[PDB]
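Same protein, same chain, two forms; see structure 1 and structure 2 below, as structure tokens.
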Structure 1
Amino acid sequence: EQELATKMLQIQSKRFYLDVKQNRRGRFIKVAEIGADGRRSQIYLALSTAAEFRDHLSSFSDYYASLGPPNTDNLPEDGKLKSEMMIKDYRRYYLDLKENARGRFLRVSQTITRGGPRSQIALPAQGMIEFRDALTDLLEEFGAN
């Protein structure tokens, strides 16, 4: 298993690692999160999904910037403000911009159709452009389209 590139981002007290990697099952991007409380979690993306994710990020950013401060005091019961879904064979990815007490974050959940092993990262909304730009330049180099 070879590591082709890494990007590290510090966002509102968390860290994120974006690693481009390669093994006999192909090339992919691993995204690892270190929580504000220390909690570790990871998701894995094919390069085609990472390009699709990168495009969604521009759109989630415009939405985020249009919001202004909270509240008023009326959120949707589940907490979700904007949603997308990405598909890669048997893998599904839910992108939900949520708003809780601590603030705004893009929750990204990876599931497998059947299903099976699930996992998520929670990207503070202030970091969406940094994450987007980090994806864009890993993809310039490693993802041909």
Structure 2
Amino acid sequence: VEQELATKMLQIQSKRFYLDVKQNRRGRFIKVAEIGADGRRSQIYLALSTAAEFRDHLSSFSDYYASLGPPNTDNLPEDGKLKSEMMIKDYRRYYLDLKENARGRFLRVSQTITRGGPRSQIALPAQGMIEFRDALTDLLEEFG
């Protein structure tokens, strides 16, 4: 029992993103879906307060990204976060990591509760963060 309240769709590189504001008996939330070029779906759910936090943080990630030069690569593998933030809502944790690999820079958004439990993540090309931010802002202006 989830009533749809508003939607936005974005095409970013080979991916499509849907931002949907919905409501159930406990309240309102925003669902963020990533659809890969092959059709693979990944989704995260956000309280509206968390969504606004997310929207706020995207600007600093974009500022940081815009200032970067070329990666540089030694001869060992690397994870490395270029930049990290974490958000919390109740028992849910959201990790925002700006990362680089051979496929470019991207924002990893990961949702977790416990080590042995359900996990969800989306991966947003760094070039799409401004567009994504402004889409989130449009929905936030209409809700909560």
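Shifts are known only where both forms have a C-alpha. Reference numbering: structure 1, starting with residue 1. If you superpose the two forms and keep the largest set of C-alpha atoms that fall within 1.5 Å, you have the rigid core.
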| query | finding |
| --- | --- |
| Of structures 1 and 2, the form deposited with the DNA bound | 2 |
| Core-aligned CA displacement of residue 103 at least 2 Å between the two structures | no |
| C-alpha of residue 36 off by 2 Å or more between the two structures on rigid core | yes |
| Core-aligned CA displacement of residue 113 at least 2 Å between the two structures | yes |
| Core superposition result - C-alpha of residue 77, shift between the two structures, Å | 2.4 |
| Per-residue C-alpha deviation between the two structures [residue 13; rigid core superposition; Å] | 1.1 |
| Cα displacement of residue 57 between the two structures, core-superposed (Å) | 0.1 |
| Displacement runs between the two structures, C-alpha, 2 Å or more, three or more consecutive residues, core aligned | 36-39, 68-77, 113-116 |
